[PDB]
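Two forms, one chain: they're shown below as structure tokens, one block per form, named structure 1 and structure 2.
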Structure 1
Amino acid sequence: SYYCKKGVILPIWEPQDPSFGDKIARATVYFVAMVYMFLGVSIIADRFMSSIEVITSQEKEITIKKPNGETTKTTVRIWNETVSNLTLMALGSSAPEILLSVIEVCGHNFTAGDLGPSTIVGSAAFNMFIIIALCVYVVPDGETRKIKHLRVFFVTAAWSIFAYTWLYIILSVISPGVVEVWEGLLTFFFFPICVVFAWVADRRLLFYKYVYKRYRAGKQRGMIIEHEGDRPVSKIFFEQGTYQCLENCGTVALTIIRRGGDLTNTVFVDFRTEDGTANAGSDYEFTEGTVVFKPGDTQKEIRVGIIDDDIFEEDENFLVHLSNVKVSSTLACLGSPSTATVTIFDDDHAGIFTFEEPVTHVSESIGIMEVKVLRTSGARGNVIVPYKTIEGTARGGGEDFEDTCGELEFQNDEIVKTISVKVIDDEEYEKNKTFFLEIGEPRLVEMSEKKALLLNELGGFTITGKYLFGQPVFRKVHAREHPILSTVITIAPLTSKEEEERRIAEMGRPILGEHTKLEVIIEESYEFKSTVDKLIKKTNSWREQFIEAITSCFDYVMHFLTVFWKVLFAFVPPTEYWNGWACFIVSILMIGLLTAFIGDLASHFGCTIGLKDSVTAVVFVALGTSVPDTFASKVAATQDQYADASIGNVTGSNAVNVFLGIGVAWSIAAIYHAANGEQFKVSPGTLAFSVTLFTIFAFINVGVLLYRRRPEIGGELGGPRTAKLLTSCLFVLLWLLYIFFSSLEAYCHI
């Protein structure tokens, strides 16, 4: 219409419908005042967001070292991006729309206007489309961003869309045309469910999975934001005369060469093995054979079996004798190296256990660390190595490292085993705390029966089904373990040759190596050190704020253009006072009153031109009051390793807008009206179409965002220039279509 109801603050222009031309003279003043008024919100909401950053920040103390002997004391704070803190920043960034809704309801005798809910729905569509398109385009070329937690995005996106479809439910589906107390109070109570869900999610996400932390410089002077980030007779003789074969080869391949004379001859030669150091039948199979040289053949290959057992022995040798050379159908004479001496190298040492290095320097960012324990010089048997951690300078009670005391078990032919130690991340700027880790005397456990007799073990033996080298593997039973006591079997004038065998076999038990005590020196985290060094390199309070308020030509124009708001908001107390709360109380009022002014302007620029409140809520006020959100979303998209916070801010703001603003405003109106005895009325016809259109387009937006999860695209946000431009153009087109159709239906064109 063309009659204007009185504002909360501003009174009506006394001439009404004056002329076709005078409407311009009033409307340009109203619109210019609104546009210049939005800058005040854009600045004071930034300061309010800074204050609410200060409120939820952990304090840290830094002892800065410099070439002077004295070390300076500096305080830096560490605001951590978490789902709970992003919701508070989103609510803080989303405060103007909530205060606009509350003031719009309360000012006009508790009667709902179009402006309040309509600017919330318009800001919802703006937040979902235009800000996400901007976040798509601001990621630099050659870089992409991916949502680390897709399931968090799902739950949050579903909750965000569910808020608006619930708005449609209470306006049209359930109890149409009215808003009862049980509807508005429930819609308000939905928000604590969201914040408890955020708190539960933050605790579960941090505890369940360790997150690598990266520190970047904050917006303020002394804040360090931390975020999760990514981390010529014929002669017969041996070819060699000396052979070297391991015990576990199974067969040693001897070779016999016939040379000279004539190839076309038939001769017989008999090879038999003879006892040397290695005994026949126990270490080498007694192989006696006869071979014949076919005519035209020079070499003949023979094999001798090597018996493998688990007992440690020294190097041994056995001989091979050739004899009885005969000529079939003198002519054949034996070569000079007739006899061969085969040597067996036993390799049944149980091991030598060493730490890799005597000292390692580590930071707390490693979290769980692995320390190798090398087992050299042998592999046979199964060996337990006890290990423990000793507190040095670093006191250990789970505050600096977890006390681990265990027993490593080295299986057969297992060389490297890892000790897992937990280091608590204190994220201190500089510390040099040390703790030791020591391995005790190792004991062999499982063995064959013959080795058990040779080592003269007396303990209880449980027979295991595993077969090694054709013999059963018995295991010594620890006193803690409780067998049936019927399964266990005790194996339990020596010839003075068997004593020597026992002495040689006794050298096979596991021993310790050179390094038994590893000193781990905990050094400072590299990310925090680099961040603080960069911050120092890049580098009372009332006075400083005032002179910084009053300070290339484009910068001069912008500064002069906003000098009124900067001077006025320099009267806001600095964020150091009252732990930040001094700003928090004073800034929000400076929003509220200011926000009230916007409403009156939006109530009058509509009536002067003849523009409905729904349209001027959708296109003008929604764009003006959502500009504090887009800066946070853009910075979070640009700086983060993973762009979870950028989309999360949009989604949290879109949920918080409804659940706070429409919640408290409509609940207060419903309580007042129901107590007074008159039912509270809201016409759902205009808002129902807009909320349905927003839901339909939000599903498309979510689908298009999920389409970029393919490895061809690269990530959720950014990537190749073509995909960036296509996605941004699609989102801007979607927002344009939304506002065009909503504005057309508001004028009943449909």
Structure 2
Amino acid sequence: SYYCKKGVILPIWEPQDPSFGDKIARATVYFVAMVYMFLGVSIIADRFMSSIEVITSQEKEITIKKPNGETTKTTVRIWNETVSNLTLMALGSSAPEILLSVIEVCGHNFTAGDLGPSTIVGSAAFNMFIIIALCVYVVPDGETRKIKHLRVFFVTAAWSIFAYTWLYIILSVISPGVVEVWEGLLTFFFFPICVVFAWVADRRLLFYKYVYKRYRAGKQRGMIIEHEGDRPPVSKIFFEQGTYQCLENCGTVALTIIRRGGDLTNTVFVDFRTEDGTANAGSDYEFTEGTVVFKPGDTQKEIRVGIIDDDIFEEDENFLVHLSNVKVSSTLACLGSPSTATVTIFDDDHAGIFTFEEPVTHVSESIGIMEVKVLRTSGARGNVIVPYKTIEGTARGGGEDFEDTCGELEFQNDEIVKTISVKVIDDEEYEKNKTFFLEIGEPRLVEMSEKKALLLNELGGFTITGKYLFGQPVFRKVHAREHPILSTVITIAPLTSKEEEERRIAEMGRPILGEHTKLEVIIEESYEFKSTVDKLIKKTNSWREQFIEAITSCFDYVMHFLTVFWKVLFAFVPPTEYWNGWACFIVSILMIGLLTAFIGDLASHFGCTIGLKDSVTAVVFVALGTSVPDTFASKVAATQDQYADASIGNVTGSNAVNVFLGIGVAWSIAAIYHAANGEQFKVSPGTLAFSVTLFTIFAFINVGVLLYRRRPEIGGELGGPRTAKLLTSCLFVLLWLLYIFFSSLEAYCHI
């Protein structure tokens, strides 16, 4: 229609439907005024977001020690990059969409208008496709940004897409064409679900306290942004060698007998038999007898002797293998040298020697979790319990500089390393040198075979374990803390002085402590934080500063003179330092409310002057103009961070709060107002129905492509290879152009 309803503030330009030239004259005024307001809103919403940054940031005082007597004192602010902090920043930039929907309903006598709901659905398309496409491209070439936290991304992105699906449900599925009171409130009450999940995710899903911390300079004067990062000649027969060597776990030892000399075209018979030395048959090795036949043309024959494995520590032991009874079928063959081989068995059943890698270690306070390796040296036999604890030194830590930890490390069989995780508290100190200690106690062998328990003379209680090791049942020692059935437990419990010697060697293989049993941990300041503060001090009455900054290279002159009216006007906003950011917060949200009252009028009168629908002018123009604050917030996090969580999450967080507060509050107020009059609140579903389904179909394509860029050929959601970088960006811009073109046609009934 060509008839314009009177706005909240702006009067109707009269007379209506004047001519064709006057429509061009009037619409040019409305378009330029609306674009100038969009320029103003981006300036004030930037300052509104910076005030939110100060409210949610802790203020720290930095002492800067110097070799001279004078030491300068500086105060900074650390803004933690959490999901709970980012969902408030996504809330701050969505104030133009949220306020416009509420103002339009309440301003126009609680009647559903096309401009507000469409600029929220149309903002989702601009946010999901255009902003994400730009974040893919701004990452420098050769660098990727990957979503580290994919469980959180799935839950949040589903909730944002469901927000627009749920909007379809209340308009078309449940009581179509009418919004009920419970429908309006339930839309609003999904917003606290976003808030609680953000708090839950920081506590348990992310463990933000214990991630590696990185610091970057914020956009404000003294703000420092802290985020997550990645934590840094007749024939004769004789043995080949004459002395063979083997481990105990070899299974069999290989001996090579050689017939050499004489004539090969003959048959040679030789007998072999093992004889006990230091190692005894049936206990350390398998007794073996046999006869070796040398065929014509055959020179060497391998024989194999079984080596019996066990669990008990022993010294190096040896046994003898002899050759005898050389014979020839049908002198010619004799017994050569060496005629006897000595096989020496190396034991490997030492339970271990436990030590630290180095005696002194240096960690930064931003490490989060530090992992200290405890090494097991010269043997890894049996299960060994190694107690450990933390000792306070200069770092008095009970949550102050670190978290006290103690316990027992259980080294399994054939396991040679385990780690100790100590939680180091980050305090944002410019200069720090604190010391605490980590010590390991006497190791105890808690799991062994039955015969080893005889040799170690263990007098405790054992429960038989289902595990088997070297063909014997494995027994585990009962601790006092454990309460067993007491029928399950077994007490395994004049020696010949050879068995006494067997016990003495067996105790030589019990677990002991190594060179470094105490670790000194020196907590130091972060190099990244120290360098960040050093960046600040190089380049860093406040009422007066804003007005001097308001008025100040040809391209810069164009932008300066365009926005000089806005910068001077918004220099009357209180400085963010007053009332801990709240003085700036109250005044900024009032001005945002004022300029989106004008935008609602300027967009309304622009459409009806040229016949453009409020659905079309909200999707194309108002949706793009109010997402300028969201675009710069995502772009900075895409480049300056290390991951893509904050950049993509700002898009997802914006999309959710647009529906839940922008439409939830506006339709709650309208439905309640009509219910007090005993009347229904009627919203025409047809315009919004096709828009929200077109978004969700296009959103799954966007989410699908983002998940497809996780392959190692691409490497991450953002950045990546340059040829794939353009294709992802051009596809997502194509999805937005397809959305706004199809939505415009459906508005005009062109299907």
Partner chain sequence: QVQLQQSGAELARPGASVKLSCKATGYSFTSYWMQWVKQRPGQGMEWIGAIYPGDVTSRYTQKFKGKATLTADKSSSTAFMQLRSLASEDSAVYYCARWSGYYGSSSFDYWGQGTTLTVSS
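Here, a residue number simply tells you its place in the sequence of structure 1, counted from 1. Take the two forms, superpose them, and find the largest set of C-alpha atoms that agree within 1.5 Å; that set is the rigid core.
Comparing the two isolated chains, structure 1 is the one taken from the form deposited without the partner chain; structure 2 is not. Core superposition between the two structures leaves every listed residue (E226, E427, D114, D600) with a C-alpha shift below 2 angstroms except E427.
When the rigid core is held fixed, the Cα atom of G661 travels less than 2 angstroms between the two structures. With the core held fixed between the two structures, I306 has its Cα displaced by at least 2 Å. Once both forms are fitted on their rigid core, the CA atom of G652 lies less than 2 Å apart between the two structures. Superposing the two forms on their core, we find that the Cα atom of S365 is displaced by 3.2 Å between the two structures.
Once the rigid core is matched between the two structures, the CA atom of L88 is found 0.3 Å away. With the core fitted, the CA of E716 sits 1.4 Å away from its counterpart between the two structures.
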